[PDB]
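Heads up, work20.cif below (mmCIF, N, CA, C and O atoms):
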data_coords
loop_
_atom_site.label_atom_id
_atom_site.label_comp_id
_atom_site.auth_asym_id
_atom_site.auth_seq_id
_atom_site.Cartn_x
_atom_site.Cartn_y
_atom_site.Cartn_z
N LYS A 1 -10.72 -7.04 12.58
CA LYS A 1 -9.69 -6.17 13.22
C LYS A 1 -8.62 -5.70 12.24
O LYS A 1 -7.70 -4.97 12.60
N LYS A 2 -8.74 -6.13 10.99
CA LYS A 2 -7.81 -5.74 9.94
C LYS A 2 -8.55 -5.01 8.81
O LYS A 2 -9.77 -5.09 8.69
N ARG A 3 -7.80 -4.29 7.99
CA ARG A 3 -8.35 -3.58 6.86
C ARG A 3 -7.34 -3.66 5.74
O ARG A 3 -6.13 -3.70 5.99
N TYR A 4 -7.83 -3.71 4.52
CA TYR A 4 -6.96 -3.80 3.36
C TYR A 4 -7.15 -2.54 2.52
O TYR A 4 -8.28 -2.09 2.30
N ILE A 5 -6.04 -1.97 2.07
CA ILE A 5 -6.11 -0.77 1.24
C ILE A 5 -5.37 -1.01 -0.07
O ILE A 5 -4.23 -1.45 -0.08
N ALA A 6 -6.06 -0.73 -1.17
CA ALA A 6 -5.52 -0.90 -2.51
C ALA A 6 -4.84 0.37 -2.98
O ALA A 6 -5.35 1.46 -2.75
N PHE A 7 -3.70 0.22 -3.65
CA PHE A 7 -2.97 1.38 -4.12
C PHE A 7 -2.33 1.16 -5.48
O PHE A 7 -2.06 0.03 -5.88
N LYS A 8 -2.08 2.26 -6.16
CA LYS A 8 -1.46 2.25 -7.46
C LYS A 8 -0.32 3.25 -7.35
O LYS A 8 -0.40 4.22 -6.59
N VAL A 9 0.75 3.01 -8.08
CA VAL A 9 1.87 3.92 -8.04
C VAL A 9 2.04 4.60 -9.39
O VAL A 9 2.03 3.96 -10.43
N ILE A 10 2.17 5.92 -9.33
CA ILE A 10 2.33 6.76 -10.52
C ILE A 10 3.79 7.11 -10.68
O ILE A 10 4.32 7.92 -9.91
N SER A 11 4.46 6.53 -11.66
CA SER A 11 5.86 6.89 -11.84
C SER A 11 6.35 6.75 -13.26
O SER A 11 5.68 6.15 -14.11
N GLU A 12 7.53 7.31 -13.51
CA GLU A 12 8.11 7.24 -14.82
C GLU A 12 8.59 5.81 -15.08
O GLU A 12 8.48 5.32 -16.20
N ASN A 13 9.12 5.14 -14.06
CA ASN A 13 9.58 3.77 -14.26
C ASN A 13 8.94 2.71 -13.36
O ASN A 13 8.19 3.02 -12.44
N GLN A 14 9.24 1.45 -13.68
CA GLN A 14 8.72 0.29 -12.96
C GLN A 14 9.43 0.07 -11.63
O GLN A 14 10.54 0.53 -11.42
N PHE A 15 8.76 -0.67 -10.75
CA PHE A 15 9.31 -0.99 -9.43
C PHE A 15 8.97 -2.43 -9.09
O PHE A 15 7.95 -2.95 -9.55
N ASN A 16 9.81 -3.08 -8.28
CA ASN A 16 9.59 -4.48 -7.89
C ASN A 16 9.10 -4.66 -6.46
O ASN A 16 9.33 -3.80 -5.60
N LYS A 17 8.45 -5.79 -6.20
CA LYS A 17 7.93 -6.12 -4.88
C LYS A 17 8.83 -5.59 -3.78
O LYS A 17 8.42 -4.78 -2.96
N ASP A 18 10.08 -6.05 -3.78
CA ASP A 18 11.05 -5.65 -2.77
C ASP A 18 11.23 -4.14 -2.62
O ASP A 18 11.36 -3.64 -1.50
N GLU A 19 11.25 -3.41 -3.73
CA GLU A 19 11.44 -1.96 -3.67
C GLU A 19 10.31 -1.21 -3.01
O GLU A 19 10.53 -0.48 -2.04
N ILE A 20 9.09 -1.36 -3.52
CA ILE A 20 7.97 -0.65 -2.93
C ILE A 20 7.72 -1.18 -1.52
O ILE A 20 7.24 -0.45 -0.65
N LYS A 21 8.07 -2.45 -1.27
CA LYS A 21 7.88 -3.02 0.06
C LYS A 21 8.71 -2.22 1.06
O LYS A 21 8.21 -1.80 2.10
N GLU A 22 9.99 -2.03 0.73
CA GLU A 22 10.88 -1.28 1.59
C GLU A 22 10.36 0.14 1.76
O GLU A 22 10.25 0.64 2.88
N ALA A 23 10.04 0.79 0.64
CA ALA A 23 9.51 2.15 0.65
C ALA A 23 8.33 2.29 1.62
O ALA A 23 8.33 3.18 2.47
N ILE A 24 7.34 1.41 1.48
CA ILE A 24 6.17 1.45 2.35
C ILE A 24 6.58 1.41 3.80
O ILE A 24 5.94 2.02 4.65
N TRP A 25 7.66 0.68 4.09
CA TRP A 25 8.10 0.62 5.47
C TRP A 25 8.71 1.93 5.92
O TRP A 25 8.21 2.55 6.85
N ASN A 26 9.76 2.38 5.24
CA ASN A 26 10.39 3.65 5.60
C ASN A 26 9.35 4.76 5.72
O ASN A 26 9.47 5.64 6.57
N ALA A 27 8.33 4.72 4.87
CA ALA A 27 7.28 5.72 4.91
C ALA A 27 6.63 5.74 6.29
O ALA A 27 6.50 6.80 6.90
N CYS A 28 6.22 4.58 6.79
CA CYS A 28 5.59 4.51 8.10
C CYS A 28 6.57 4.83 9.23
O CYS A 28 6.18 5.38 10.26
N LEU A 29 7.83 4.48 9.04
CA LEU A 29 8.83 4.76 10.06
C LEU A 29 9.01 6.25 10.21
O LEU A 29 8.93 6.77 11.32
N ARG A 30 9.25 6.96 9.10
CA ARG A 30 9.45 8.39 9.18
C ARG A 30 8.23 9.13 9.71
O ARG A 30 8.33 9.96 10.61
N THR A 31 7.06 8.80 9.17
CA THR A 31 5.84 9.48 9.56
C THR A 31 5.22 9.04 10.88
O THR A 31 4.80 9.88 11.68
N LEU A 32 5.15 7.73 11.10
CA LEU A 32 4.53 7.21 12.32
C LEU A 32 5.49 6.85 13.46
O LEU A 32 5.05 6.63 14.60
N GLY A 33 6.79 6.78 13.16
CA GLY A 33 7.75 6.42 14.18
C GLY A 33 7.70 4.94 14.47
O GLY A 33 6.77 4.25 14.06
N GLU A 34 8.70 4.43 15.18
CA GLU A 34 8.74 3.01 15.51
C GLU A 34 7.50 2.56 16.26
O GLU A 34 6.93 1.51 15.97
N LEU A 35 7.06 3.38 17.21
CA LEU A 35 5.88 3.07 18.01
C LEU A 35 4.65 3.03 17.12
O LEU A 35 3.91 2.06 17.12
N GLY A 36 4.45 4.11 16.35
CA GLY A 36 3.32 4.20 15.45
C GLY A 36 3.25 3.04 14.49
O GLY A 36 2.20 2.46 14.29
N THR A 37 4.39 2.69 13.89
CA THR A 37 4.43 1.59 12.95
C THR A 37 3.99 0.32 13.66
O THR A 37 3.26 -0.49 13.11
N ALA A 38 4.46 0.15 14.90
CA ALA A 38 4.12 -1.01 15.69
C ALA A 38 2.62 -1.18 15.90
O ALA A 38 2.09 -2.28 15.88
N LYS A 39 1.94 -0.07 16.12
CA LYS A 39 0.51 -0.11 16.34
C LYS A 39 -0.21 -0.37 15.03
O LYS A 39 -1.12 -1.19 14.98
N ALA A 40 0.20 0.32 13.96
CA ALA A 40 -0.41 0.19 12.63
C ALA A 40 -0.26 -1.18 11.98
O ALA A 40 -1.12 -1.62 11.23
N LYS A 41 0.86 -1.85 12.25
CA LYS A 41 1.12 -3.18 11.70
C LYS A 41 0.89 -3.21 10.20
O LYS A 41 0.00 -3.90 9.72
N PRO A 42 1.69 -2.46 9.44
CA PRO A 42 1.56 -2.41 7.98
C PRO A 42 2.17 -3.64 7.32
O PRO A 42 3.35 -3.94 7.54
N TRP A 43 1.39 -4.34 6.49
CA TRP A 43 1.91 -5.50 5.78
C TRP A 43 1.58 -5.40 4.29
O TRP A 43 0.46 -5.07 3.91
N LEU A 44 2.57 -5.69 3.45
CA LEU A 44 2.40 -5.65 2.01
C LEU A 44 2.00 -7.04 1.58
O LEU A 44 2.87 -7.85 1.29
N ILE A 45 0.71 -7.33 1.51
CA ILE A 45 0.30 -8.68 1.12
C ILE A 45 0.60 -9.08 -0.33
O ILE A 45 1.09 -10.18 -0.57
N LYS A 46 0.34 -8.20 -1.30
CA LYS A 46 0.65 -8.52 -2.70
C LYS A 46 0.88 -7.29 -3.57
O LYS A 46 0.22 -6.28 -3.39
N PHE A 47 1.81 -7.39 -4.51
CA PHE A 47 2.11 -6.28 -5.39
C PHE A 47 2.32 -6.74 -6.83
O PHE A 47 3.31 -7.40 -7.12
N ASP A 48 1.39 -6.38 -7.72
CA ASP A 48 1.47 -6.76 -9.13
C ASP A 48 2.49 -5.92 -9.90
O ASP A 48 2.18 -4.83 -10.36
N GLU A 49 3.70 -6.45 -10.04
CA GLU A 49 4.78 -5.74 -10.73
C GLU A 49 4.43 -5.25 -12.12
O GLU A 49 5.00 -4.27 -12.60
N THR A 50 3.51 -5.93 -12.78
CA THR A 50 3.14 -5.56 -14.13
C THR A 50 2.28 -4.29 -14.20
O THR A 50 2.57 -3.39 -14.99
N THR A 51 1.24 -4.22 -13.37
CA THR A 51 0.36 -3.07 -13.37
C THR A 51 0.67 -2.06 -12.25
O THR A 51 -0.11 -1.14 -12.01
N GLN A 52 1.82 -2.21 -11.59
CA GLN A 52 2.22 -1.31 -10.50
C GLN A 52 1.02 -1.03 -9.59
O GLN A 52 0.65 0.12 -9.34
N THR A 53 0.43 -2.12 -9.12
CA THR A 53 -0.74 -2.08 -8.25
C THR A 53 -0.44 -3.01 -7.08
O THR A 53 0.40 -3.90 -7.20
N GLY A 54 -1.10 -2.80 -5.95
CA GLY A 54 -0.86 -3.65 -4.80
C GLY A 54 -1.82 -3.49 -3.63
O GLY A 54 -2.66 -2.58 -3.62
N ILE A 55 -1.69 -4.38 -2.65
CA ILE A 55 -2.54 -4.33 -1.47
C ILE A 55 -1.72 -4.29 -0.18
O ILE A 55 -0.65 -4.91 -0.08
N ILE A 56 -2.22 -3.55 0.80
CA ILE A 56 -1.58 -3.41 2.10
C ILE A 56 -2.59 -3.72 3.19
O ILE A 56 -3.77 -3.39 3.06
N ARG A 57 -2.13 -4.36 4.26
CA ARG A 57 -2.99 -4.67 5.39
C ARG A 57 -2.53 -3.82 6.57
O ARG A 57 -1.34 -3.53 6.71
N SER A 58 -3.48 -3.42 7.42
CA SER A 58 -3.13 -2.62 8.59
C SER A 58 -4.21 -2.73 9.65
O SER A 58 -5.34 -3.11 9.36
N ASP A 59 -3.86 -2.40 10.89
CA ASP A 59 -4.82 -2.46 11.99
C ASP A 59 -6.02 -1.60 11.61
O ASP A 59 -5.89 -0.52 11.04
N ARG A 60 -7.20 -2.10 11.94
CA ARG A 60 -8.42 -1.41 11.62
C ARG A 60 -8.44 0.05 12.09
O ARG A 60 -9.06 0.89 11.46
N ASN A 61 -7.76 0.34 13.19
CA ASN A 61 -7.77 1.70 13.72
C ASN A 61 -6.65 2.60 13.26
O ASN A 61 -6.49 3.69 13.78
N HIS A 62 -5.87 2.14 12.29
CA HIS A 62 -4.75 2.95 11.82
C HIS A 62 -4.69 3.05 10.31
O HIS A 62 -3.67 3.42 9.74
N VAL A 63 -5.80 2.74 9.66
CA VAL A 63 -5.85 2.80 8.22
C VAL A 63 -5.42 4.17 7.71
O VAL A 63 -4.53 4.28 6.87
N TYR A 64 -6.05 5.22 8.22
CA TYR A 64 -5.72 6.55 7.76
C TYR A 64 -4.34 7.06 8.13
O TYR A 64 -3.93 8.12 7.65
N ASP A 65 -3.63 6.33 8.98
CA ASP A 65 -2.27 6.72 9.35
C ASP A 65 -1.32 6.11 8.34
O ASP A 65 -0.29 6.69 8.01
N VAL A 66 -1.66 4.92 7.86
CA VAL A 66 -0.83 4.25 6.88
C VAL A 66 -1.02 4.99 5.57
O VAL A 66 -0.09 5.14 4.78
N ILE A 67 -2.24 5.46 5.33
CA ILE A 67 -2.51 6.22 4.11
C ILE A 67 -1.72 7.53 4.20
O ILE A 67 -0.91 7.85 3.32
N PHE A 68 -1.95 8.27 5.27
CA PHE A 68 -1.26 9.53 5.49
C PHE A 68 0.23 9.38 5.23
O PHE A 68 0.85 10.26 4.68
N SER A 69 0.80 8.24 5.64
CA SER A 69 2.22 8.00 5.47
C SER A 69 2.64 7.74 4.05
O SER A 69 3.67 8.23 3.61
N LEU A 70 1.84 6.96 3.33
CA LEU A 70 2.14 6.63 1.94
C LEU A 70 2.04 7.87 1.08
O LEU A 70 2.79 8.04 0.14
N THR A 71 1.11 8.76 1.41
CA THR A 71 0.93 9.96 0.62
C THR A 71 2.16 10.87 0.62
O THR A 71 2.48 11.49 -0.38
N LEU A 72 2.85 10.93 1.75
CA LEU A 72 4.03 11.78 1.83
C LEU A 72 5.22 11.25 1.06
O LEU A 72 6.26 11.89 1.04
N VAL A 73 5.08 10.08 0.44
CA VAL A 73 6.20 9.51 -0.30
C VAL A 73 6.49 10.34 -1.55
O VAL A 73 5.74 10.30 -2.54
N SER A 74 7.59 11.09 -1.48
CA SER A 74 8.02 11.96 -2.57
C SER A 74 8.61 11.14 -3.71
O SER A 74 8.13 11.19 -4.84
N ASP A 75 9.66 10.41 -3.41
CA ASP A 75 10.29 9.57 -4.41
C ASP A 75 10.45 8.22 -3.75
O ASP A 75 10.26 8.09 -2.54
N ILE A 76 10.80 7.22 -4.53
CA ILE A 76 11.00 5.88 -4.01
C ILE A 76 12.19 5.27 -4.76
O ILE A 76 12.11 4.90 -5.93
N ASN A 77 13.33 5.25 -4.06
CA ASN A 77 14.59 4.72 -4.56
C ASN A 77 15.29 5.66 -5.55
O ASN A 77 15.85 5.21 -6.55
N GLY A 78 15.26 6.96 -5.26
CA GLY A 78 15.91 7.92 -6.13
C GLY A 78 15.07 8.32 -7.33
O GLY A 78 15.29 9.38 -7.91
N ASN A 79 14.12 7.46 -7.70
CA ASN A 79 13.24 7.74 -8.83
C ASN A 79 11.96 8.41 -8.37
O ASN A 79 11.20 7.83 -7.60
N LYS A 80 11.71 9.61 -8.87
CA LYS A 80 10.52 10.35 -8.50
C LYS A 80 9.29 9.52 -8.80
O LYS A 80 9.15 8.95 -9.88
N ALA A 81 8.40 9.44 -7.82
CA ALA A 81 7.17 8.67 -7.97
C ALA A 81 6.25 8.98 -6.81
O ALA A 81 6.70 9.36 -5.74
N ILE A 82 4.95 8.83 -7.03
CA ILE A 82 3.99 9.08 -5.97
C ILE A 82 3.12 7.85 -5.96
O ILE A 82 2.97 7.18 -6.98
N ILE A 83 2.56 7.52 -4.81
CA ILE A 83 1.72 6.34 -4.69
C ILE A 83 0.38 6.78 -4.09
O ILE A 83 0.36 7.37 -3.02
N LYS A 84 -0.73 6.52 -4.78
CA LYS A 84 -2.01 6.95 -4.23
C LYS A 84 -2.98 5.80 -4.01
O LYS A 84 -3.06 4.88 -4.80
N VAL A 85 -3.71 5.88 -2.90
CA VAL A 85 -4.67 4.84 -2.55
C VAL A 85 -5.91 4.88 -3.42
O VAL A 85 -6.41 5.95 -3.77
N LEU A 86 -6.42 3.70 -3.74
CA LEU A 86 -7.61 3.57 -4.56
C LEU A 86 -8.80 3.34 -3.66
O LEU A 86 -9.93 3.65 -4.03
N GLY A 87 -8.56 2.80 -2.47
CA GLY A 87 -9.64 2.56 -1.54
C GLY A 87 -9.36 1.51 -0.48
O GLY A 87 -8.50 0.64 -0.67
N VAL A 88 -10.07 1.59 0.64
CA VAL A 88 -9.90 0.64 1.73
C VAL A 88 -11.07 -0.33 1.71
O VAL A 88 -12.08 -0.07 1.08
N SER A 89 -10.94 -1.45 2.41
CA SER A 89 -12.03 -2.41 2.44
C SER A 89 -11.88 -3.49 3.50
O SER A 89 -10.77 -3.78 3.96
N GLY A 90 -13.01 -4.09 3.88
CA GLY A 90 -13.02 -5.13 4.89
C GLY A 90 -12.22 -6.37 4.52
O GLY A 90 -11.21 -6.67 5.15
N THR A 91 -12.67 -7.11 3.51
CA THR A 91 -12.00 -8.32 3.08
C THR A 91 -11.19 -8.06 1.82
O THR A 91 -11.34 -7.03 1.19
N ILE A 92 -10.32 -9.00 1.46
CA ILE A 92 -9.51 -8.82 0.26
C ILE A 92 -10.32 -9.03 -1.02
O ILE A 92 -10.17 -8.28 -1.98
N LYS A 93 -11.16 -10.06 -1.03
CA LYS A 93 -11.98 -10.33 -2.20
C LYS A 93 -12.83 -9.09 -2.46
O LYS A 93 -12.95 -8.64 -3.60
N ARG A 94 -13.41 -8.55 -1.40
CA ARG A 94 -14.26 -7.37 -1.47
C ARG A 94 -13.49 -6.14 -1.99
O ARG A 94 -14.04 -5.31 -2.73
N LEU A 95 -12.22 -6.02 -1.61
CA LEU A 95 -11.35 -4.91 -2.01
C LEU A 95 -10.86 -5.12 -3.43
O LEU A 95 -10.90 -4.21 -4.26
N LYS A 96 -10.40 -6.34 -3.71
CA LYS A 96 -9.89 -6.72 -5.01
C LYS A 96 -11.01 -6.55 -6.04
O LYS A 96 -10.77 -6.48 -7.24
N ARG A 97 -12.23 -6.46 -5.52
CA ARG A 97 -13.44 -6.29 -6.33
C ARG A 97 -13.58 -4.84 -6.78
O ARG A 97 -13.17 -4.47 -7.89
N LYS A 98 -14.15 -4.02 -5.90
CA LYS A 98 -14.40 -2.61 -6.16
C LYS A 98 -13.25 -1.74 -6.66
O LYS A 98 -13.48 -0.57 -6.96
N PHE A 99 -12.03 -2.27 -6.76
CA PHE A 99 -10.92 -1.42 -7.19
C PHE A 99 -9.90 -2.01 -8.15
O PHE A 99 -9.57 -1.41 -9.18
N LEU A 100 -9.40 -3.19 -7.82
CA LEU A 100 -8.39 -3.82 -8.65
C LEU A 100 -8.89 -4.60 -9.85
O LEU A 100 -8.31 -4.52 -10.93
N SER A 101 -9.96 -5.36 -9.65
CA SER A 101 -10.54 -6.17 -10.72
C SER A 101 -10.48 -5.45 -12.07
O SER A 101 -10.37 -6.08 -13.12
N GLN A 102 -10.55 -4.12 -12.03
CA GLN A 102 -10.53 -3.27 -13.27
C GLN A 102 -9.05 -2.84 -13.70
O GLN A 102 -8.76 -1.77 -14.35
N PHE A 103 -8.14 -3.74 -13.32
CA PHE A 103 -6.73 -3.70 -13.63
C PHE A 103 -6.57 -5.19 -13.88
O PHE A 103 -7.57 -5.90 -14.02
N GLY A 104 -5.34 -5.68 -13.91
CA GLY A 104 -5.17 -7.10 -14.14
C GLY A 104 -5.41 -7.96 -12.91
O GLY A 104 -4.62 -8.86 -12.64
N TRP A 105 -6.49 -7.69 -12.17
CA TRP A 105 -6.80 -8.44 -10.93
C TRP A 105 -8.14 -9.19 -10.95
O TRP A 105 -9.07 -8.81 -11.65
N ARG A 106 -8.23 -10.25 -10.13
CA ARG A 106 -9.44 -11.07 -10.01
C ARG A 106 -9.37 -11.96 -8.75
O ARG A 106 -10.40 -12.08 -8.06
#

Please rewrite the model in this file as C-alpha coordinates.
Amino acid sequence: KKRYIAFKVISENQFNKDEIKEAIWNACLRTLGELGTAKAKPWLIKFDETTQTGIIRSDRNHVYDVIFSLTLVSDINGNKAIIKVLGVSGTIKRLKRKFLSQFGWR
(Lines of atoms letter the chains of each structure in order from A and count residues from 1; the text may use other names and numbers.)
(Lines give C-alpha, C1' and ligand atoms only; values in the text may rest on other atoms or scores of the structure.)
Protein backbone atom coordinates (compact mmCIF):
# COMPACT_ATOMS: atom_id res chain seq x y z
CA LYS A 1 0.00 0.00 0.00
CA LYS A 2 3.09 2.22 0.00
CA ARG A 3 5.55 3.32 -2.69
CA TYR A 4 9.00 4.82 -2.48
CA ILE A 5 10.32 7.42 -4.89
CA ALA A 6 13.99 8.33 -5.24
CA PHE A 7 15.01 11.89 -6.02
CA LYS A 8 18.05 14.04 -6.59
CA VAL A 9 18.22 17.79 -6.23
CA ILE A 10 19.94 20.01 -8.79
CA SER A 11 21.22 23.20 -7.23
CA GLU A 12 24.04 25.65 -6.89
CA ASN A 13 24.35 24.95 -3.16
CA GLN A 14 23.93 22.20 -0.55
CA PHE A 15 20.83 21.56 1.54
CA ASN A 16 20.20 19.73 4.84
CA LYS A 17 17.66 17.08 5.88
CA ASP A 18 15.53 19.66 7.65
CA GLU A 19 15.50 22.07 4.70
CA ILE A 20 14.44 19.78 1.89
CA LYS A 21 12.12 18.05 4.37
CA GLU A 22 10.22 21.30 4.94
CA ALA A 23 10.29 22.10 1.22
CA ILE A 24 8.79 18.72 0.30
CA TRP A 25 5.98 19.48 2.68
CA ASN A 26 5.13 23.00 1.51
CA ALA A 27 5.27 21.60 -2.01
CA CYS A 28 2.46 19.13 -1.30
CA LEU A 29 0.53 21.72 0.68
CA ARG A 30 0.49 24.29 -2.10
CA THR A 31 -0.17 21.81 -4.88
CA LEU A 32 -2.30 19.15 -3.19
CA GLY A 33 -3.89 21.18 -0.39
CA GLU A 34 -4.33 20.01 3.19
CA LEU A 35 -6.79 17.33 2.09
CA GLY A 36 -4.61 16.12 -0.77
CA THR A 37 -1.53 15.97 1.44
CA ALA A 38 -3.56 13.97 3.94
CA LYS A 39 -4.43 11.36 1.36
CA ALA A 40 -0.92 11.23 -0.17
CA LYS A 41 0.82 10.82 3.21
CA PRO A 42 4.24 12.08 2.06
CA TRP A 43 7.14 11.01 4.29
CA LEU A 44 10.83 11.82 3.89
CA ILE A 45 12.42 8.56 5.01
CA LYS A 46 16.09 9.42 4.27
CA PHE A 47 18.16 12.19 2.69
CA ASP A 48 21.90 11.88 1.96
CA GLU A 49 23.22 15.40 2.62
CA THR A 50 26.46 14.57 0.86
CA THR A 51 25.09 13.48 -2.52
CA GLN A 52 21.90 15.60 -2.32
CA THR A 53 19.88 12.43 -2.85
CA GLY A 54 16.92 11.04 -0.93
CA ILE A 55 13.84 8.85 -0.62
CA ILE A 56 10.17 9.68 -0.09
CA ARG A 57 7.27 7.41 0.84
CA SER A 58 3.67 7.97 -0.23
CA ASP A 59 0.32 6.21 -0.58
CA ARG A 60 0.40 3.81 -3.49
CA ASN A 61 -2.40 5.75 -5.21
CA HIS A 62 -0.84 9.18 -4.96
CA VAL A 63 2.68 8.65 -6.19
CA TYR A 64 2.21 10.82 -9.25
CA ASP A 65 0.65 13.59 -7.16
CA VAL A 66 3.66 13.79 -4.88
CA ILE A 67 5.85 13.79 -7.97
CA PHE A 68 3.71 16.43 -9.68
CA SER A 69 4.13 18.52 -6.52
CA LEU A 70 7.89 18.18 -6.20
CA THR A 71 8.35 19.12 -9.83
CA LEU A 72 6.75 22.52 -9.35
CA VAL A 73 9.39 23.40 -6.76
CA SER A 74 11.00 26.53 -8.21
CA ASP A 75 13.38 27.38 -5.41
CA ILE A 76 13.91 25.94 -1.95
CA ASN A 77 14.75 28.40 0.84
CA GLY A 78 15.50 31.41 -1.34
CA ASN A 79 18.14 29.43 -3.23
CA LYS A 80 17.17 28.52 -6.77
CA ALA A 81 17.03 24.75 -7.14
CA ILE A 82 14.97 22.06 -8.81
CA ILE A 83 14.39 18.53 -7.58
CA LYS A 84 13.77 15.68 -10.02
CA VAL A 85 12.64 12.12 -9.43
CA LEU A 86 14.87 9.24 -10.44
CA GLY A 87 12.18 6.61 -10.11
CA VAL A 88 9.47 4.95 -8.01
CA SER A 89 9.52 1.45 -6.57
CA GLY A 90 7.80 -1.15 -4.41
CA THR A 91 10.34 -1.77 -1.64
CA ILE A 92 13.22 0.40 -0.46
CA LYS A 93 15.96 -2.15 -1.11
CA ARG A 94 14.51 -2.57 -4.61
CA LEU A 95 14.44 1.25 -5.11
CA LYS A 96 17.82 1.89 -3.46
CA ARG A 97 18.96 -0.67 -6.04
CA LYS A 98 17.88 0.46 -9.51
CA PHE A 99 18.62 4.15 -8.77
CA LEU A 100 20.64 5.16 -5.74
CA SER A 101 23.21 2.37 -5.46
CA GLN A 102 24.97 4.26 -8.33
CA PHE A 103 25.45 7.25 -5.96
CA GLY A 104 26.79 6.80 -2.46
CA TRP A 105 24.00 4.31 -1.61
CA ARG A 106 23.72 0.59 -0.74

- Specify as a list in words each residue included when the PyMOL selection byres ((chain A and resi 12) around 4.5) is applied to this file. residues 11, 13 and 80 of chain A

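Atom pair atom N of residue 99 of chain A / atom CA of residue 87 of chain A has a distance of 7.5 Å (rounded to one decimal).
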
- So, counting all atoms listed in the file, which residue among A:49, A:41, A:6, A:25 is closest to residue 96 of chain A? A:6

- Run the PyMOL selection byres ((chain A and resi 59-69) around 4.5) on the file and write out the hits as a PyMOL selection string. chain A and resi 1-2+40-41+58+70-73

- Once you count all atoms listed in the file, which residues end up no further than 6 Å from (1.6, 2.2, -6.5) in the file's frame, shown as a count of residues only? 10

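Taking atom CA of residue 101 of chain A and atom CA of residue 51 of chain A as endpoints, the distance between them is 11.6 Å.
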
- Item | Filtered DSSP result for chain A, state strand (DSSP E), as JSON, numbers by chain | {"A": [2, 3, 4, 5, 6, 7, 8, 9, 10, 11, 43, 44, 45, 46, 47, 48, 53, 54, 55, 56, 57, 58, 59, 75, 76, 79, 80, 81, 82, 83, 84, 85, 86, 87, 88, 89]}

- Neighbours of residue 23 of chain A within 8 Å (only C-alpha atoms; same-chain residues fewer than 4 positions away dropped), as a PyMOL selection string? chain A and resi 19+27+76-77

- Which of these residues is nearest to residue 20 of chain A, using all atoms listed in the file: A:33, A:5, A:103, A:44?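 Under the stated criterion, the closest residue is A:44.
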
Could you put an axis-aligned box around every listed atom of segment 18-26 of chain A, padded by 4 Å on each side, and send me its centre and edge lengths in Å to one decimal, as AutoDock Vina command-line options?
--center_x 8.7 --center_y -0.2 --center_z 1.5 --size_x 13.5 --size_y 19.7 --size_z 18.6

- Could you please determine the separation between atom O of residue 56 of chain A and atom C of residue 79 of chain A in Å, to one decimal place? 22.7 Å

- Given the choices A:104, A:90, A:36, A:21, which gets closest to residue 50 of chain A if the distance is worked out from only N, CA, C and O atoms? A:104

- Rank A:17, A:29, A:89, A:78 by their smallest atom-to-atom distance to residue 57 of chain A, using all atoms listed in the file, and report the top residue only. A:89

- Query: Running DSSP on the backbone, which parts of chain A land in alpha helix (DSSP H), as a ChimeraX atom specification?
  - Reply: /A:17-40,63-71,92-95
